[PDB]
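J.: Chains as they are written, first to last, in the entry's author numbering: chain Q, 8 to 132; chain w, 50 to 72, 83 to 91; chain K, 237 to 266, 278 to 295, 301 to 472. Backbone N, C-alpha and C define an ideal beta-carbon position, used for all residues, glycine too.
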Amino acid sequence: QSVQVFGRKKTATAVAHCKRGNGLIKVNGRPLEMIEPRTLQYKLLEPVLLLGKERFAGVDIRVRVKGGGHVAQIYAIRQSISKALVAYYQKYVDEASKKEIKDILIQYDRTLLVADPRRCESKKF
Amino acid sequence: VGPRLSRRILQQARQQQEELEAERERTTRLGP
Amino acid sequence: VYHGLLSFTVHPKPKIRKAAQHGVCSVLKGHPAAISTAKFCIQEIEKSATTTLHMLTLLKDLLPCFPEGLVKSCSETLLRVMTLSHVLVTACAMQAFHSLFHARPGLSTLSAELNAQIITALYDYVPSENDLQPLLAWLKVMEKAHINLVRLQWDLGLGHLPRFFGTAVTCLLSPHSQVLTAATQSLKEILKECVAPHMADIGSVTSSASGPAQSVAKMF
RNA sequence: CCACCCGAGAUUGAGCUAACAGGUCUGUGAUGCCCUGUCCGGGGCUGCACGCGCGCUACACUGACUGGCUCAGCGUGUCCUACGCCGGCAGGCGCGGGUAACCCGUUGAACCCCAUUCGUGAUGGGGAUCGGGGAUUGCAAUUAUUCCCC
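#1: If the cut is a Cβ gap below 9 Å, which residues of chain w does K98 of chain Q touch?
#2: Return the residue from the list K:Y375, K:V447, K:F287 that minimises the CA-CA distance to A420 of chain K.
#3: Mind pulling the chain K residues with CB within less than 8 Å of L89 of chain w?
#4: Verify the CB distance criterion: does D383 of chain K have a CB-CB separation below 8 Å to chain w?
#5: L340 of chain K to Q65 of chain w, Cα distance in whole Å?
#6: What is the DSSP secondary structure of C317 of chain K, counted as helix, strand or coil?
#7: Decide if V237 of chain K is buried, meaning its Cβ has at least 16 other Cβ atoms within 10 Å, or exposed.
#8: If we ignore side chains and look at the alpha-carbon of each, how far apart do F349 of chain K and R53 of chain w end up?
#9: Are the Cβ atoms of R15 of chain Q and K50 of chain Q separated by less than 8 Å?
#10: Please classify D123 of chain Q: does DSSP put it in a helix, a strand, or coil?
#11: Is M346 of chain K closer than 8 Å to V393 of chain K when the C-beta atoms are compared?
#12: Can you grab the Cα-Cα spacing for the pair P124 of chain Q / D407 of chain K, in whole Å?
#13: Does the beta-carbon of residue 298 of chain K have 16 or more other beta-carbons within 10 angstroms, so that it is buried, or is it exposed?
#14: In this structure, how does DSSP classify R37 of chain Q when only helix, strand and coil are distinguished?
#15: When DSSP builds the beta bridges, which residues end up paired with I32 of chain Q?
#16: Check distances from the C-beta atoms of the segment 335 to 347 of chain K to those of chain w and list, in chain order, the residues that come in under 9 Å.
#17: What three-state label does DSSP hand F417 of chain K in the structure shown?
#18: DSSP three-state label for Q48 of chain Q, please.
#19: By alpha-carbon positions, which one of K:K254, K:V333, K:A285 ends up nearest to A301 of chain K?
#20: What does DSSP give as the partner residue(s) for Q8 of chain Q in the beta ladder?
#21: Tell me whether the beta-carbon of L366 of chain K lies closer than 8 Å to the beta-carbon of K324 of chain K.
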């Protein structure tokens, strides 16, 4: 059993696949804890810290990320992992955990589940 | 989403599906 | 005398070459001399690069009037030059396959087992996904080969159809509109001419079919 | 569109070619008016005391240098270019793809991020202006076309 969700930012897109596993997190085939900017490392790590590593202990995810810049890619990744876990605990796990987890994410940060629809404006002749 | 970003997302998800499904010379003679 | 007429095809002047080619085609189509000219074409290909297209034009114009073993050897040599990545030889020899399967040859020229083998061998190229010059010819010759296989032996043709239908459905994801229309037209032609009239013979298909009904269920 | 039933009528009578502010074309007025250059060579096209304005680069430590790491989009292309070889660099040679969501191109961009040197110094900030040499586009680079090294 597996799900596939996406998150976005200005142009950065992240596609996350969520399968039964043991708690290893892959983004572009690379581990979560080695993505280049360390100054935003906790911004990458907020869903795990808010939910605990025990909720991730029976699942694995792989995220392919394309577009954007460094920061936009990080935000798309965190939206992708949050939406992937919400979709998985909605589809194959009971709904009460999905609702309480969704409440935790949305009280901490709306952009963990709702896309920011801001993009560059066009210039007209 | 809109055309361009959704197109990129769709092709990206398709490539992820194929790389999940992923994990000799041409038939030079007709009869064995 | 036939050898003397045949030897001037590879002559570099177009007026000499075209006249020799048309004369050989008129002699064969107007046969005990087919084996000799087929062996001459095979040896001329194996010797050689621009003359390759010339006796490939000979092969395109002369494949139906050949014996079965010489057809098999010619197709083996043709797939040998398919091992090269040159584009013009690929397009011309796909045109040769089109002329071979379009004429609907008899059992003496082409057998059903040979058709099944050449169908299974042609699956290895499928140029990439979106080339649209050789993919059109590849779909067209595979369509004609499947039509000829169904015409020879219908149950084997329907058995081999689901793989081609799956590849056509996959090829419908190409961004080109022309290849999509061509795949739709090819599958429609196979459904109308090769699938429809045999359904009284096949009968009703359920989820536990065995014979050609299971193949129909698979391509559905 | 055709034919037909019903229906009085499923079409019977009146009025309306025209138009050229787009024009064109060798004609008509003893038509009104005002008068009686080309090719060629060379140079200059801001040459600079100054006044008034757009801009680019900086006056550094929230920075410069060296190395490492890792992410775009709108477009364009028979001049865009992959790749191989030579040179330290500009560049040179050969061999392929692309009239294109097919090839450049999974456009391996820069800021940014991570380590090194620097230490308040008109200084490793800043690059103007010059001296020497090489290369490239052109018929032709002098009054520096453009690029590279010191």
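T.: Looking at the atomic coordinates:
#1: Chain w residues near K98 of chain Q: none, gap ~17 Å exceeds 9 Å.
#2: When each option's Cα is compared against that of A420 of chain K, the closest is K:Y375.
#3: Those within 8 Å of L89 of chain w in chain K are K324, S327, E328, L331, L366, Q369, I370, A373.
#4: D383 of chain K does not count as touching chain w.
#5: Roughly 35 Å between the two C-alpha positions.
#6: DSSP places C317 of chain K in coil when its eight states are reduced to three.
#7: Under the 10 Å beta carbon count, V237 of chain K is surrounded by fewer than 16 other beta carbons and is classified as exposed.
#8: Each residue's alpha carbon lies about 41 Å from the other.
#9: Result no, Cβ atoms of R15 of chain Q and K50 of chain Q do not sit closer than 8 Å.
#10: Per DSSP, reduced to three states, the secondary structure at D123 of chain Q is coil, with no helix or strand assignment.
#11: For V393 of chain K and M346 of chain K, yes; Cβs fall inside 8 Å.
#12: So the alpha carbons of these two residues sit roughly 57 Å apart.
#13: Within chain K, the sequence of modelled residues goes 295 then 301, so residue 298 of chain K has no position in this structure.
#14: If DSSP states are grouped into helix, strand and coil, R37 of chain Q belongs with the strands.
#15: Paired residues: Q:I68.
#16: Against chain w - using a Cβ distance shorter than 9 Å - the residues of the segment 335 to 347 of chain K are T335.
#17: Here DSSP, grouped into helix, strand and coil, assigns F417 of chain K to helix.
#18: Of the three classes helix, strand and coil, the one that applies to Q48 of chain Q here is helix, per DSSP.
#19: Considering only alpha carbons, the answer is K:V333.
#20: According to DSSP, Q8 of chain Q bridges with nothing at all.
#21: For the 8 Å CB-CB criterion, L366 of chain K and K324 of chain K form a contact.
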